[PDB]
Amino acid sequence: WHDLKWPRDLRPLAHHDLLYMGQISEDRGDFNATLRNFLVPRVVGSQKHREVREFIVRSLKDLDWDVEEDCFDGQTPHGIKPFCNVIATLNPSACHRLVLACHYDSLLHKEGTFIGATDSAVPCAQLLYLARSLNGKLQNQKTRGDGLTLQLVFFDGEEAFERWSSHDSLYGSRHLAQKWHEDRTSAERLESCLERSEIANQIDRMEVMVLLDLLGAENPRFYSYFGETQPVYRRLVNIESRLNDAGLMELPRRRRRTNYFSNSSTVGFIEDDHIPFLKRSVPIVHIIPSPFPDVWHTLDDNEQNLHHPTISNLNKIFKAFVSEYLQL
């Protein structure tokens, strides 16, 4: 009951695949094409928000993923609002899901039009970019019958309408967590669960949720925010280290290394889309910088303040991480 091992043995990415995940050569224009669709105000209930959702759904339906639009109405300080989570699953029958998540709504800012380029246009784009860039390998992985799949969740209504409170925020995530907790299931209904796993409902199928937010500014610092997922987090540290050793990271000068993923833990908690899951025992890795970028919730969280080299470096880490976890 001390030092419980991660339930899935984590096999290090082959040098071959590392070197391959780590050259985002000319991908580059493809990522930016994706991102431009998100660099618009995406306020809840707005037309542009509707359109971003349609772009997400279609991008993933086109890659033959199972896509569910989980729409519902909820009460806010601004009245009743329609919300719509997007849940995409590569192989719906697989018992276990590696879940990558972000929110696609943008903050309603008092002072003017807010783009939320790091929050979370970039993360949204990174999830679609991972799905597209790894499609070939994911489609092959899907037919192994090994009981693991990739699942992407684009939450709606993360942002508070007024002052952040338990009542005013995380509308999409609170809704989804409860729903999946109440929707009962078991191993016998599913494809190839791990041997002595305890599945009683849909939320138990989330093996780990990796939540991305506030990405795209220069030089983020990440820490392990949860002891529970330290074995998963350590894989990001190791991947980043291997990418630097292979000289595959974009840096301003030679003889520099990236050090985004600190090999320490931090004493800090961040009120976010992972919480209602945390209460239901879903292990969480929160990929969010500490401290937040300086542009956080300002009108300067915009396209021009994004840092291309950092974004391409993060993309390499994430592609390598998904490849290693799913053994692509």
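Heads up: residue numbers just count along the shown sequence, starting at 1. In this text, rigid core is short for the largest set of C-alphas that superpose within 1.5 Å between two forms.
- Message: I'd like to know which segment deviates more from the shown structure in 8 other deposited structures of this protein: 262 to 270 or 278 to 286, using C-alpha RMS over all structures and residues after a core fit.
- Response: The more displaced stretch in 8 other deposited structures of this protein turns out to be 262 to 270.
- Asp64 to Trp65: deposited residues without atomic coordinates: The entry has no unmodelled residues between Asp64 and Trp65.
- Query: Taking the recorded C-alpha temperature factors, which stretch has the higher mean, 50 to 58 or 266 to 274?
  - Reply: Here the higher of the two C-alpha B-factor means belongs to 266 to 274.
- Task: Please work out which of 93 to 101 and 179 to 187 has the higher mean CA B-factor as recorded in the PDB entry.
- Result: According to the PDB entry, the answer is 179 to 187.
- Have a look at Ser173, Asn201, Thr149, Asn140 and flag the one whose Cα has the highest B-factor in the entry. Of the options given, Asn201 has the highest CA B-factor in the PDB entry.
- Query: Which is it among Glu158, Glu240, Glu207, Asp168: the one with the largest CA B-factor in the entry?
  - Reply: Highest CA B-factor of the listed options: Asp168.
- Task: Place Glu195 in the lowest, middle or highest third of its chain's C-alpha B-factors, as listed in the PDB entry.
- Result: According to the entry, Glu195 has a C-alpha B-factor in the chain's highest third.
- Message: Ranking every modelled residue in this chain by its Cα temperature factor as given in the entry, which third contains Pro82?
- Response: Within its chain, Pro82 is a middle-third residue by C-alpha B-factor, going by the deposited values.
- Message: By the recorded C-alpha temperature factor, relative to the other modelled residues in its chain, which third is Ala14 in?
- Response: For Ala14, whose C-alpha B-factor we compare with every modelled residue in the chain, the answer is the highest third.
- Task: Rank-wise, by C-alpha B-factor, drop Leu328 into the lowest, middle or highest third of its chain.
- Result: According to the entry, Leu328 has a C-alpha B-factor in the chain's middle third.
- Cα B factor band for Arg42 (lowest, middle or highest third within the chain): According to the entry, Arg42 has a C-alpha B-factor in the chain's middle third.
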